[PDB]
Amino acid sequence: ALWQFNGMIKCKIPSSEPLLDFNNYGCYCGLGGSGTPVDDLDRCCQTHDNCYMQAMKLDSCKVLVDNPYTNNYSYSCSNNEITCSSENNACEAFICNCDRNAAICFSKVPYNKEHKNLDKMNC
Ligand SMILES: [Ca+2]
Ligand SMILES: [Ca+2]
Ligand SMILES: [Cl-]
């Protein structure tokens, strides 16, 4: 679920404000997105979007009920490292890995404030 993704991002990037910093950035960071990612961070968001799309089509995820935004899973944060729990069901495990991959990606790429609030003309 989103507030677990927020937690993951704080795990890797304690100085971030994840629902602020990684929303409305580039062509992909935020609800929706299409076109050409403008930088590596935006590409992390592209990847995450694609992962959430796959999660929504997984046989093991019930339509709507198991959606990635509201489907809570189990994870932990240890020394700024994320673990997805083996206690998760298959749908939850998939979603947890989407979020883990993105939080790690966000932590490994530069943040370019000039890419905030891009108009879709740029995509
Ligand atoms: Ca997006
Ligand atoms: Ca759940
Ligand atoms: Cl990690």
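Following Swiss-Prot, chain A residues are numbered 23-145, in order.
This deposition comes from X-ray crystallography, 1.0 Å.
From the backbone N, Cα and C atoms, a Cβ is placed for every residue, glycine too.
Checking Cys49, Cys66, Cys67 against Swiss-Prot, the residue bonded to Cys51 by a disulphide is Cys67. Swiss-Prot names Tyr50, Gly52, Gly54 for binding Ca(2+). Of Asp61, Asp62, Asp71, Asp81, the residue it gives for the same site is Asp71. According to Swiss-Prot, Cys127 forms a disulfide bond with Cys66, chosen from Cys66, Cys73, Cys83. Bond annotation: of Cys49, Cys73, only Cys49 is listed by Swiss-Prot as forming a disulfide with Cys145. Reviewing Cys83, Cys99, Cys106, the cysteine that Swiss-Prot connects to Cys113 via a disulfide bond turns out to be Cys83. There are 26 other Cβ atoms within 10 Å of the Cβ belonging to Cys51 (disulfide bond). Between the alpha carbons (Cα) of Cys83 (disulfide bond) and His70 (active site) lies a span of roughly 17 Å. Only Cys66, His70, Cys145, from the recorded positions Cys66, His70, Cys73, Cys118, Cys120, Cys145, place their Cα within 10 Å of the Cα belonging to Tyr50 (Ca(2+) binding site).
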